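Since the structure comes first, as C-alpha cells, the remarks are kept for the end.
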Number of protein chains: 4
Amino acid sequence: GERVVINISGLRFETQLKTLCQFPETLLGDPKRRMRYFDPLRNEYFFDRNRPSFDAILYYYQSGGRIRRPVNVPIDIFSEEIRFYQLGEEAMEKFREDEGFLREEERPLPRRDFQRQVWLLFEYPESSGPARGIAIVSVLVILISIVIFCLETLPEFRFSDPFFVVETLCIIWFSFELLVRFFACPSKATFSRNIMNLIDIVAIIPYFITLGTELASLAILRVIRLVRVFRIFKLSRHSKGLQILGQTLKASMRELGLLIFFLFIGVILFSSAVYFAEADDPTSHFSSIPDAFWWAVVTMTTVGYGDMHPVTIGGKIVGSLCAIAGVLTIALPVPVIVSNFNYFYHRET
Amino acid sequence: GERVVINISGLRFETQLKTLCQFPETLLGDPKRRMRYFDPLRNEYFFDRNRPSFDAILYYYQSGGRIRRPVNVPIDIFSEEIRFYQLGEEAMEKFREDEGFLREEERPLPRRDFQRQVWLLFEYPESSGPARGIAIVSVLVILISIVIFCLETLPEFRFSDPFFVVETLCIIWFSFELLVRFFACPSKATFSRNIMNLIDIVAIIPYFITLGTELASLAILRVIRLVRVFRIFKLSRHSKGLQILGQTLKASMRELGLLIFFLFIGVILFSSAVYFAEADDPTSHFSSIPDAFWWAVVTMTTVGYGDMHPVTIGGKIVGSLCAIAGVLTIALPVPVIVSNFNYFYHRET
Amino acid sequence: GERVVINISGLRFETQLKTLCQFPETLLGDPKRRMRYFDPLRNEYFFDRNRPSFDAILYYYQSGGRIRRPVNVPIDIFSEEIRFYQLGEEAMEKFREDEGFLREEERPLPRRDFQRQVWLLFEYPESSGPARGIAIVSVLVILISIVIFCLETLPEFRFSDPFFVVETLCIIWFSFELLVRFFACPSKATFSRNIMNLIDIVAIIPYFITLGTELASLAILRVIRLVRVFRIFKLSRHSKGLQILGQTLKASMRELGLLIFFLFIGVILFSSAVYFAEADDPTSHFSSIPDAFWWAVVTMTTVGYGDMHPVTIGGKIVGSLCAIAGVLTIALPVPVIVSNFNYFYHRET
Amino acid sequence: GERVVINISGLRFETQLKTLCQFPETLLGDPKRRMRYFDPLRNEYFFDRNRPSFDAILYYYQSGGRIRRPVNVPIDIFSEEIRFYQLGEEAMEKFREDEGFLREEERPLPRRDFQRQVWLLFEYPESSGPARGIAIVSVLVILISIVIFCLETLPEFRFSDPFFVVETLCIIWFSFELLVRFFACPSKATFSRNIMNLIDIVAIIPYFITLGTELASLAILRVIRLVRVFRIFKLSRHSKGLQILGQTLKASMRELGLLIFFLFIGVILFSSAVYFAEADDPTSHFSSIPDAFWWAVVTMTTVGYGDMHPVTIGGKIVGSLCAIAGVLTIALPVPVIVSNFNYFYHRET
Ligand SMILES: [K+]
Ligand SMILES: [K+]
Ligand SMILES: [K+]
Ligand SMILES: [K+]
C-alpha cells in the first residue's frame, strides 16, 4: 500500500510494501534494519552502492526469490552486492546454481577420530606428509604393476618366477589399500557405488580367481588375462586429468553413439559401394562386402595402412569419396565432445 | 495528444496516446484494462515489474509491432514480461521467430478415429506400448535386412536359398508398413513429398523389379544391386541423429560444393605438378597426369596409402606441399558444416 | 551557454548549446528543424523514439563526430535511429566503416554506351541473358581446356593432332575474350593491376611462345609445360568460392609463413633426431639427415606412406614424438587461417 | 554528510562527501578543481560527457579503487573518460592489468653511452641501419650453419675439411656475438636467467668440448653430435612466431602432460587389447605387448604406416576402435593449446 522509494545513488526505485514483505529476514525486510538508511529530507532510503546490480536484487524481491545475474555487473561486484543486502545463504547458493560451479559438496569425515585419521592418511594426499608419501608409493606400485604386465609377454620370457613375485607384491599392496579404504570408511553403503573403487576391485579379482583355478578353460586364459589390464584405470585415483576424461566420456555419451553410428553407416555404405565396383576385376583386394569394412574404417578415419586399397578407376573414385566422407562424419560429433571436455576442464581450474 | 507517463518502479516512460492507440487489444491499449493501475496522486501508471524489459515493450508500441529482445533481460524474464502485458499470441509467435526455434508446427491427425489410431500406432513410437513394439520390430527387421545384404556376398556363399527367404520376409514387412502408412494417411498429396517415404519406396523397388525381370542386362545386375543398399537410410525414420545429419547436409549444400571444388582444384594442380616433376625419371609411379589424381586425393585428405608416392627430390617437394595444402583446403569449408550441425543438434535438445 | 533538455520518452538528456552547434546540418543542429518538437509546457524537446540508441547519438554530438554503436541496440534499430536524426550520409558511411562490411565501392561503367554495353555483356553475367550465355560458354571452354591438358599426357597418346586443334580453339577463345575485355575497358591503367586478368594473360602466353619457338631448350619443355596449368585459376572469374579463397590466402599471409616455418623447424629437428638414432643400425632406411626430411614431412602432417619408417627402439620413440609434434605445429596456425576464411565468407553472404 | 549530485547530462548521481574524500588527488577530490563545474542554479555538477561510463568511475570512488570496465562502453571511450576525470597513472595501469595486455615493461638501457650504443646496435635491429645489417648477417650465418650441419652427414661425404672451416667460422661468429652481448650488458645477473642466451651458449658448447677432447667415448660421439642441432633454436632471437610458440609451450605445459598421458594410456590399453586378440594366430605381426606400442602410437595419431597392422577379425575390430580413440584423445587437449597460442599471438598484434 505504501510506496518505498530506494535511491541507489540517484537511481530511484519505487516498490510496494508487500513486495518487500515477502522476505522478513533480509535487509529491506525488517523495518528496523533498514530504518538507519531512511532519510527524512527526501523520504528515500539513501544508498551509495553499485547501480547496475540493484536492479537484479529488486527483481528478486519482485519475483518471489528468482535471481538472475545481469551480464553488465561482473561476478565479483554482484557477489559483493548480494552480500551487502544479506539475501541469505539460500539465495547465494541459488545464485551459485544459476551461474554454475556448484561447489557446495562437502566430503563427509568418519564419525570417530582414529578411523577419520586413517581416512585423511590414505585419501587426501595433501592432508599430511605421510599421506602424500602413501599416495606416491601407491602410484609407484601401480607403475611397477603395469611394467610387469607389459613385460611378462615378451617372447624371450614366455612359483620361482620373479615376475610372479612382483605381481604378488603388487596385488598384496592393492589388497591392503582396498581393505583400509573399505573398513575405515564413513559408510559401506556409499562406498559401494563408487567407480574408483569398483576399478580397484576389478583390477584385483583376476589374480585371486587365477590362484583359485590353478590351486584347484580357454575363457580364463584370454578374457581374464585381458581383464588384468584394467589396472591402467587405477591410475585415475592418483591423477586429475583422467577424472576429467571419465566425466567427459560420461556426460557426452550420446555424441559417442553418434560417432559410432555414423561410422557404421559410412562403412556399410562405402564398403558396399567399393565392392560392387571391383566385382569384375580379378586383381581386387575385396572379396566381399564384409571384407571391405576393414578398408572403409581405415579410410574414413584417415589412417590408411595401404594393406587394402582399391584397384579400378571406379574404386578409386569411391576411395576419393570415402576420405572426404570420413572427415565430414567423424568431425561432426567430435567438437561436441571437445566442448564438454573444455567445460569439465575449466570448471575445476 | 495526451502524454501517458508509465512509472516502471521509478523508471518513468512518457509516450503519446496515439502510440498506444495502435493496438486496442493489449493491456495498455484498452483504457478500462489499464485504469486499475492509474494512480491519482502522481498521475502515473504504477507498475512493479522488471525494469530492463519494459523498454523493448515500449519500442514495440512505438514501432508498429516490431519486437527485439534486449540481451540484458534473459529469455525467461522477457517471456514472463511479454505475457504480463498480454501483447497477444501473434506477438509471442513473432518473438519466437525472432529468437529462433520455431516450434509452431503441429502434426495433423487423420480426420476419422480408426485411421487416426492406426497412424498413432505406426508413427509416434512413444504414443502407445504396442506403437513402440512395432517401431522396434521394424528396426530389428531393418538390421536383419542389412545383415542379409552384407552377408549374401561372402565368397563361401556366392528358390530354396535361406537368404532369399529372409530377404523376401524383410520386403514383405517393408511393404506392409509402407501400405499402412500410405493408405491410412491424412493426405496422399502431403505424403508424396516426404524424403523418409521416398527412401522406403526406393529400398523396396529393386526387389520387385528383380522378381519381374527374373519371372519374365548388366545394368540391372550391378546398379540395381548397389541401389539395394539404400535400406541403410531407412534406419533414419527410427533414429534421431540421422535426421540431424540429413538436415545438416541439406542446409550446408554450398559448403560441400566448396569442399569438392577445392579438392578438384588441388588435385589438378598438385598431380600436374608432380607428374611434370617425375617425367624424366624411369622409376616413377606416375605415368600421366590423370594417374596422379589417385595420389593427390590420398595425400590432400592425408590418408596416404603408400601404393603410389613420389620418387625424385622434386616430387618429394611437391608431396611436402600437397599435405599442407590438403590440410588447408579440406579444413577451410568443414568448420562451416560443423557449425551448421551444431546448430541443428542443439536446437532440438 | 543554454541547456537543451531532450526528453527521449522520459529519459532526459541535458546538453550545452555549443555541443549541438558543432553540426549545423543535422536535425538538432538547425533551430528551425527542431523547433517543431519543442514543448512549451516542460521546455523539453519531446521525442518518442528508441531510448538505448539516443545515447550513442548524443555522444556523437559530444565527441566531434565519432560514432560507436552500443551493443544493446541491434543494427536495424540503430540504423533506423541514425536515419531519423539525419546525421548525414557521411555519418552513415562512418558507421558502416566502424561496423564492417564496407560495401561503398561502385563498379565504374565505360564512358560511352556501345563500349559500356560490351562491358555489361562480357562482365556481370546476371546483367543480360546473352551475358550469362557468354559467361557459361567461357566456363565450358575452360573445362574443355583442362580436360585437354590433363588428357594429352596419357601414355597411349604421347599439326593433324586433334588435341592440338582443341587447344588452339581454346586459346583463340581466351584471346578473343581478353581482347574484348582490354579494348572495351573503362581504363587500361586500372585494368593492368588486376589479378584476374594477369591470370588470363599468363594462361595464354605459353601457347604463343611455344608457337614462336617451334615456328622459328629444356626450360621451355618443362617449366612452360607446367605453367600451362595456370588455366585452372582462370576458373576463378566464373566462380565465387575461389575468390574467397584467394582473398583468404592474401589476408593471412603471415600465418602461412608460420606454418611453413614451423614445418621447417620440426623437420630439421626430428629428422636429425631420428638419423642420429639409427646411425649404428645396418637396416636403417635413413642414410643421412637430408634423407629423413621425406620421413619427417610425411609424419608431421600425418600422411605416413610407410615407404620410409624408423626401425630401432630409439627411432620408434622419435616417430612417436613426431606425430604428436606435427599435430601440435600444423594445427596451431591453421585455425587463424580458418577464421579469416570464415570472415571472408560470411561477409559476402 | 553532504550529498554531491553529479549531473552526467541529466543522469544524476548522488554520493556522500566521504566517498569522494577517499582520493584527494582526482578531479572530484579537490574542491577547487571541481568548483568550476558547480552550477548554482540546480546545485549539481554539470558535465557533458559519456553517460554509460561514469557509472564505473563512480563505483571506483565507492569501492576504494577497484575499476571494472563495463562492456557497454567500448575501450576507447572508457579510456578517454578515465583520462578526463584524471584518476591517475596508477588507476590507468590498474585498468590495463584488468583488461589485459600489460605493456608496462621498459627495456633497461646500459648505464653509460658507448656500451648503450653497442647494445642498440646488436639488439633492436630496427634501431639503426647497421643494427639491421648485423641482425640479418647473424641470420645468414645461422642458416649457413644449419645447412652445414644437415649437409655434413651425406653418405658421399662421411683439418682441411671445407665443412670444418665453415663450422669454425660459424662458431667464431656466434662467439663474437655472445661475447658482445654478455660484456656490454646492463647486468650479468639479469643476463644469466634468459632462455634466448642459454640457447646461444648451448649451441656453441659442443664445438668447444669437441675441440678439447680431440686436441687432448661413445657419449660424446652421439649425444653431443645431436646436441649440436640446438642451433635451430637460435633462430628464435631473429624471429617472432617462434617466441610466440615458446611462450605457448610454456603457458600450456599441463595440457601437454594430458596429451602425453592420454597417449600413454591409450597405447597400453589398445596395444594390450590387440596382442591378446592375435595370440593364437601364427601370422600376427605382434610378438608381445611392448611390440604393439609401435602400432598403437601410429594408429591413434592416425599416421598409419602399414608396416605393422592387425591380421585377425578380432584385431581388425580393435584397430577400428583405435583410430576413433586416437581422434578423441589427441583432439581433447589440443584445442586448449591452440586457444593459448591464439591468445599469445593476438596479444602482440
Ligand atoms: K594417415
Ligand atoms: K597412412
Ligand atoms: K600407409
Ligand atoms: K591421417
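Labels used: A, B, ... for chains in the order of the C-alpha cells, numbers from 1 for residues in each chain, and numbers from 1 for ligands as shown.
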Counting only C-alpha atoms and all ligand atoms, name the residues that have an atom within 8 Å of an atom of ligand 1; the answer should be given as a short mmCIF file (atom, residue, chain, number, x, y, z; two decimals) with N, CA, C and O atoms, in the first residue's frame.
data_model
loop_
_atom_site.label_atom_id
_atom_site.label_comp_id
_atom_site.auth_asym_id
_atom_site.auth_seq_id
_atom_site.Cartn_x
_atom_site.Cartn_y
_atom_site.Cartn_z
N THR A 302 40.93 -41.88 -41.83
CA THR A 302 42.14 -41.32 -42.44
C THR A 302 43.39 -41.88 -41.78
O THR A 302 44.29 -41.12 -41.43
N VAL A 303 43.43 -43.19 -41.55
CA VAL A 303 44.66 -43.84 -41.17
C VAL A 303 45.34 -44.35 -42.44
O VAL A 303 46.44 -43.95 -42.75
N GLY A 304 44.67 -45.24 -43.14
CA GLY A 304 45.14 -45.69 -44.43
C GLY A 304 46.42 -46.48 -44.40
O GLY A 304 47.50 -45.93 -44.63
N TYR A 305 46.33 -47.75 -44.04
CA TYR A 305 47.54 -48.56 -43.94
C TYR A 305 48.12 -48.86 -45.32
O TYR A 305 49.34 -48.92 -45.48
N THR B 302 45.12 -36.61 -46.52
CA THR B 302 46.02 -37.16 -45.51
C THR B 302 45.63 -38.57 -45.13
O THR B 302 45.54 -38.90 -43.95
N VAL B 303 45.33 -39.41 -46.13
CA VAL B 303 45.20 -40.83 -45.89
C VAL B 303 46.54 -41.48 -46.16
O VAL B 303 47.13 -42.08 -45.28
N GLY B 304 47.01 -41.37 -47.39
CA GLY B 304 48.34 -41.82 -47.72
C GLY B 304 48.55 -43.30 -47.64
O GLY B 304 49.06 -43.81 -46.63
N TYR B 305 48.10 -44.03 -48.66
CA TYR B 305 48.22 -45.48 -48.61
C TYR B 305 49.68 -45.92 -48.79
O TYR B 305 50.10 -46.91 -48.18
N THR C 302 51.01 -36.19 -40.80
CA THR C 302 50.20 -37.38 -40.55
C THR C 302 49.66 -37.95 -41.84
O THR C 302 48.46 -38.25 -41.93
N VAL C 303 50.49 -38.06 -42.87
CA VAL C 303 50.14 -38.82 -44.04
C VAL C 303 50.67 -40.23 -43.87
O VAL C 303 49.91 -41.18 -43.85
N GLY C 304 51.98 -40.36 -43.74
CA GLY C 304 52.57 -41.63 -43.42
C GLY C 304 52.45 -42.68 -44.48
O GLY C 304 51.54 -43.53 -44.43
N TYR C 305 53.28 -42.61 -45.52
CA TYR C 305 53.17 -43.56 -46.62
C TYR C 305 53.63 -44.95 -46.18
O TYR C 305 53.08 -45.95 -46.63
N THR D 302 46.82 -41.45 -36.09
CA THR D 302 46.31 -41.54 -37.46
C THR D 302 47.40 -41.25 -38.47
O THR D 302 47.20 -40.46 -39.39
N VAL D 303 48.59 -41.83 -38.27
CA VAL D 303 49.60 -41.82 -39.31
C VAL D 303 49.45 -43.10 -40.12
O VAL D 303 49.20 -43.04 -41.31
N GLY D 304 49.62 -44.23 -39.47
CA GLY D 304 49.36 -45.50 -40.10
C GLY D 304 50.30 -45.86 -41.22
O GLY D 304 49.98 -45.64 -42.40
N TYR D 305 51.50 -46.32 -40.89
CA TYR D 305 52.48 -46.63 -41.92
C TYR D 305 52.07 -47.88 -42.70
O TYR D 305 52.31 -47.96 -43.91
#
(request) Run DSSP on the backbone and grab whatever in stretch 77-191 of chain A lands in helix (DSSP H, G or I); send it over as a PyMOL selection string. (result) chain A and resi 77-84+89-99+114-122+125-127+129-151+162-183+188-191
(message) When you count only C-alpha atoms and all ligand atoms, which of these residues is closest to ligand 4: B:170, B:338, B:300, B:311?
(response) B:300
(request) Compile the contact shell of residue C:310 as a list in words: residues with an atom at most 10 Å away, counting only C-alpha atoms, same-chain residues fewer than 6 positions apart removed. (result)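 Answer for this query is residues 274, 275, 277, 278, 283, 284, 285, 286, 292, 295, 316, 317, 318 and 319 of chain C.
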Include N, CA, C and O atoms and write out the residues we just selected as a compact mmCIF listing (two decimals), in the first residue's frame.
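The resulting file, again.txt, is reproduced below:
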# COMPACT_ATOMS: atom_id res chain seq x y z
N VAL C 274 66.14 -38.56 -35.59
CA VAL C 274 65.89 -39.94 -35.99
C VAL C 274 67.05 -40.50 -36.81
O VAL C 274 67.25 -41.71 -36.85
N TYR C 275 67.81 -39.64 -37.50
CA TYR C 275 69.00 -40.16 -38.14
C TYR C 275 70.08 -40.52 -37.14
O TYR C 275 70.71 -41.57 -37.25
N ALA C 277 69.67 -41.50 -34.30
CA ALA C 277 69.23 -42.66 -33.53
C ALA C 277 69.42 -43.97 -34.30
O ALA C 277 69.61 -45.01 -33.68
N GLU C 278 69.36 -43.92 -35.62
CA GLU C 278 69.51 -45.10 -36.45
C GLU C 278 70.91 -45.27 -37.00
O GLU C 278 71.09 -46.02 -37.96
N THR C 283 70.18 -51.76 -40.96
CA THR C 283 68.91 -51.92 -41.65
C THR C 283 68.15 -50.62 -41.79
O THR C 283 67.01 -50.63 -42.29
N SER C 284 68.74 -49.51 -41.39
CA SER C 284 68.02 -48.25 -41.35
C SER C 284 67.65 -47.80 -42.77
O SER C 284 68.40 -48.04 -43.74
N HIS C 285 66.50 -47.14 -42.89
CA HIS C 285 66.15 -46.52 -44.15
C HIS C 285 66.80 -45.16 -44.36
O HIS C 285 66.85 -44.67 -45.48
N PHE C 286 67.27 -44.50 -43.29
CA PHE C 286 67.79 -43.13 -43.35
C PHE C 286 69.29 -43.22 -43.53
O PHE C 286 69.99 -43.72 -42.65
N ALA C 292 66.06 -38.03 -44.17
CA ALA C 292 64.94 -38.14 -43.24
C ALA C 292 63.99 -36.96 -43.30
O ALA C 292 62.98 -36.97 -42.60
N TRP C 295 60.82 -38.39 -44.44
CA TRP C 295 60.05 -39.05 -43.40
C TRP C 295 59.41 -38.05 -42.46
O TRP C 295 58.26 -38.24 -42.03
N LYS C 316 61.76 -45.48 -33.16
CA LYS C 316 60.33 -45.59 -32.89
C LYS C 316 59.89 -44.59 -31.82
O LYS C 316 58.79 -44.05 -31.89
N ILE C 317 60.73 -44.31 -30.83
CA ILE C 317 60.36 -43.25 -29.89
C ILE C 317 60.28 -41.90 -30.59
O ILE C 317 59.33 -41.11 -30.37
N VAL C 318 61.27 -41.57 -31.43
CA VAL C 318 61.22 -40.30 -32.14
C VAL C 318 60.05 -40.26 -33.12
O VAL C 318 59.53 -39.20 -33.43
N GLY C 319 59.63 -41.39 -33.64
CA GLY C 319 58.48 -41.36 -34.52
C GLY C 319 57.17 -41.37 -33.76
O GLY C 319 56.11 -41.20 -34.35
